[PDB]
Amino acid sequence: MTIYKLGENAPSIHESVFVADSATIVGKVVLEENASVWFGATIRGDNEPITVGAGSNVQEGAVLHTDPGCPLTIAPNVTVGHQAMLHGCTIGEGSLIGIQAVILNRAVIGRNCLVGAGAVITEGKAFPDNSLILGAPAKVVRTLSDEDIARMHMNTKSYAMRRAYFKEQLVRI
């Protein structure tokens, strides 16, 4: 596997976590219960700590990094889509980060936000809870409905389930 200890800092991974063999986890990284990191994703905890909250998933090729003074915190029940890039930011509980979305240092995404695929959130930007954030540079286009939020959570919960399926039914050929 690609789980690495850097210096004296070794990842803290809950047993229930699914970490794909090609998912790189380095240094100061905390992966909470029911979280999952997929193929090709990389979580490099060499500067500030990086936390992936319980029930949260980090999909294929997503890259999580930080810079000094910019810890990366992903709250519980969050989906980080394929190829996304989170850099030293804060993601609120229940949010969904779209495919290839880019979020830079100091950015703060509130609870239940949906960041659109291909969006780019610049450094220091803050967004209120339940916001649909689209564009590059991204901005709040409107508030999400109960349905939007419920579908986002359904996807995230589905991944928390898929996690167990991959842990017990995935066999190399």
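Residues carry their position along the shown sequence, with the first being 1.
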- Can you let me know which of the two, 143 to 151 or 113 to 121, has the higher average C-alpha B-factor in the entry? 143 to 151
- Query: Out of 67 to 75 and 96 to 104, which stretch has the higher average CA B-factor listed in the record?
  - Reply: 67 to 75
- Message: Among 45, 55, 40, 128, where is the Cα B factor highest in this entry?
- Response: 128
- Message: If I read the C-alpha B-factors straight from the PDB entry, which of 35, 62, 29, 138 is highest?
- Response: 138
- Query: Within this chain, which third does the Cα B-factor at residue 24 fall in: lowest, middle or highest?
  - Reply: lowest
